[PDB]
Amino acid sequence: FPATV
Amino acid sequence: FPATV
Amino acid sequence: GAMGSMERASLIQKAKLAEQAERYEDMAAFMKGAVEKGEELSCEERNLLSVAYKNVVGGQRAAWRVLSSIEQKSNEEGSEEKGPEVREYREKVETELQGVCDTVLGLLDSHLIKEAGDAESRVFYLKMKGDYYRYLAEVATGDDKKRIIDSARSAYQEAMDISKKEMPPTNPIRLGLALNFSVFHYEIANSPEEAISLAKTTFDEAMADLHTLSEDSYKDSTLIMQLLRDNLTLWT
Amino acid sequence: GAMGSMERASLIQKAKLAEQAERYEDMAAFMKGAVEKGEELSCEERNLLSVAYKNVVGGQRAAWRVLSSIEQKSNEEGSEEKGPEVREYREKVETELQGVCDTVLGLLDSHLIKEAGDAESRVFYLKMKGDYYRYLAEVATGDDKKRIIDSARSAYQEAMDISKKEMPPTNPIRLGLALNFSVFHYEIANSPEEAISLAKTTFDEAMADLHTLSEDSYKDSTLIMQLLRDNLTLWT
Ligand SMILES: *CC(=O)NCC1CCN(C(=O)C2(Nc3ccccc3)CCNCC2)CC1
Ligand SMILES: *CC(=O)NCC1CCN(C(=O)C2(Nc3ccccc3)CCNCC2)CC1
Ligand SMILES: [Mg+2]
Ligand SMILES: [Mg+2]
Ligand SMILES: [Mg+2]
Ligand SMILES: [Mg+2]
């Protein structure tokens, strides 16, 4: 799963 | 903190 | 009960899904619903009940300790007055914790304990009763504190008496009961010597009975024996 | 609002305590209460709001993915029929997730976005709007799925347009917006090339502007630049 902020 | 189950 | 319309088997199925999803509040609600159907619980079902509430109350206790620490610091000399908020929010978490404990104690009293005739089930429930009175004791500061402590002690003692009569010294329930009653002595009853004696004797009696066990039983028992050792290491 | 009787400052104070105690549901409720006082939020307060809901919805999304996986497996050939329970419980978690998203979108619409005139605040809120439509899109399967996706895209695009005009390429809000809009492209809009192009261009434009920064600003910007790189590594 990709990084988000 | 001590172990409990 | 909001779970009154759901099948017992469906509640158990969903408890297991909730566990997989780490949704412990849901897991506990499903298991409360299952208990409230009024049938006795199997061993697997008793373990689902205990896992669910242990995780819920474990999270509350951790939060309560964080908040209590902040509150205690606010009452040291030279600490700036920040108003009632820290106390209020500690009280809020405390009240929620008490509520969960009262819910579990309620299930045990109505009617899990009275219907539990086999040693393994009766000891399991009475251990739980001691545990949830112990969590109440951890936050108790008033008139009933001694009675709460005694209620924990009484439940653990009944469990101990049955476990010593009816179960082998390696039985994981007997071991876990002893582990937790030992922690009761150390942390709640201000009896560290009793705590140490109990942990040691329990460990040594289990060690001497390991030879009777299968590989799988050996694994189960030694895991809890190591927790006894871990505590003894902490305390000595 | 159950928080209507509590002081704004007390709600903010308690949000911070809840964060320390890892009580993110409480933190979110406190911040909702604070927003509902009707005053604009400071930068610190906007960050408390976003941390609270990110943690709550993050937990729901993780649970939803566990349950969706189980459900998908139950619909493979040779899978034994287990009844409606897995679907029901996935639907339950889904509905709760949707509720949280609708709550956040509601705060943004009433009236955080319309009162936000400074670029940093307006971009922050519009990024949040894109994010919560993105979470709705992740679970959407019906007639409104395209419109939900477009609502995310529209909010992110407005945020992008303001951020490019009004903020330096190293601004952490601009970077985080680009990171998340890139993930929108990859995971929601089936546009991996757009995702990769955006992440790359954002990274390279930030790299070229690092020389203008203090040590502390450099730390903030490079942290998010590394997340861009991490995603690019995942995708290429
Ligand atoms: C058959 C029955 O009634 N219960 C099964 C036992 C409880 C679960 N268990 C354990 O060893 C763990 N938990 C507990 C141990 C002892 C008392 C209560 C709970 C040990 C800690 N990890 C989770 C399982 C096996 C026997
Ligand atoms: C001043 C203002 O309005 N916001 C402060 C910014 C958001 C918080 N932040 C971050 O770098 C983290 N979070 C976000 C970054 C970008 C957009 C939204 C949130 C980065 C991830 N770790 C937590 C803080 C600094 C600037
Ligand atoms: Mg109290
Ligand atoms: Mg003795
Ligand atoms: Mg649905
Ligand atoms: Mg472009």
# chains A, B, ... in the order shown; residues from 1 in each chain; ligands from 1
>>> residues_around(residues="segment 198-213 of chain C", least_positions_apart="2", cutoff="12 Å", atoms="only C-alpha atoms", output="PyMOL selection string")
(chain B and resi 2-4) or (chain C and resi 160+163-164+167-172+174-186+191-196+215-236)
>>> residues_around(residues="residue 98 of chain D", least_positions_apart="3", cutoff="9 Å", atoms="only C-alpha atoms", output="PyMOL selection string")
chain D and resi 93-95+101-103+135-136+139
>>> atom_distance(atom1="atom CA of residue 122 of chain D", atom2="atom CA of residue 22 of chain D")
27.9 Å
>>> residues_around(residues="residue 21 of chain C", least_positions_apart="2", cutoff="8 Å", atoms="only C-alpha atoms", output="VMD selection string")
(chain C and resid 17 to 19 23) or (chain D and resid 62 to 64 66 to 67)
>>> residues_around(residues="residue 127 of chain C", least_positions_apart="5", cutoff="7 Å", atoms="only C-alpha atoms", output="ChimeraX atom specification")
/C:155-156,159,177
>>> residues_near_ligand(ligand="ligand 3", cutoff="12 Å", atoms="only C-alpha atoms and all ligand atoms", output="short mmCIF file (atom, residue, chain, number, x, y, z; two decimals) with C-alpha atoms, in the first residue's frame")
data_model
loop_
_atom_site.label_atom_id
_atom_site.label_comp_id
_atom_site.auth_asym_id
_atom_site.auth_seq_id
_atom_site.Cartn_x
_atom_site.Cartn_y
_atom_site.Cartn_z
CA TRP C 64 -5.77 5.64 31.97
CA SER C 68 -3.01 9.51 35.46
CA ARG C 87 -8.79 15.28 35.75
CA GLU C 88 -12.03 15.40 33.72
CA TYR C 89 -10.61 13.40 30.82
CA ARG C 90 -8.91 10.86 33.17
CA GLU C 91 -12.33 10.52 34.88
CA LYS C 92 -14.00 9.98 31.51
CA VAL C 93 -11.63 7.19 30.50
CA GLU C 94 -11.88 5.76 34.07
CA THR C 95 -15.67 5.68 33.95
CA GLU C 96 -15.62 3.91 30.56
CA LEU C 97 -13.14 1.37 31.93
CA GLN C 98 -15.34 0.76 35.00
CA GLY C 99 -18.25 0.27 32.66
CA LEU C 136 -11.49 -1.97 39.16
CA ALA C 137 -9.01 -1.98 42.05
CA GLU C 138 -6.31 -0.33 39.92
CA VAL C 139 -8.45 2.84 39.60
CA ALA C 140 -10.24 2.70 42.99
CA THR C 141 -9.45 5.50 45.47
CA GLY C 142 -12.55 5.69 47.74
CA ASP C 144 -15.07 0.66 48.55
CA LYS C 145 -11.41 0.16 47.56
#
>>> residues_around(residues="residue 10 of chain D", least_positions_apart="4", cutoff="8 Å", atoms="only C-alpha atoms", output="list in words")
residues 85 of chain C; 6 and 14 of chain D
>>> write_last_selection(atoms="N, CA and C atoms", output="PDB file, in the first residue's frame")
ATOM      1  N   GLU C  85      -9.214  20.081  33.126  1.00  0.00           N
ATOM      2  CA  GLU C  85      -9.367  19.230  31.951  1.00  0.00           C
ATOM      3  C   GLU C  85      -8.706  17.874  32.076  1.00  0.00           C
TER       4      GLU C  85
ATOM      5  N   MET D   6     -18.825  22.296  26.220  1.00  0.00           N
ATOM      6  CA  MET D   6     -17.432  22.421  26.589  1.00  0.00           C
ATOM      7  C   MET D   6     -16.756  23.578  25.893  1.00  0.00           C
ATOM      8  N   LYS D  14      -8.067  18.725  25.514  1.00  0.00           N
ATOM      9  CA  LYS D  14      -8.420  17.320  25.578  1.00  0.00           C
ATOM     10  C   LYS D  14      -8.065  16.551  24.315  1.00  0.00           C
TER      11      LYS D  14
END
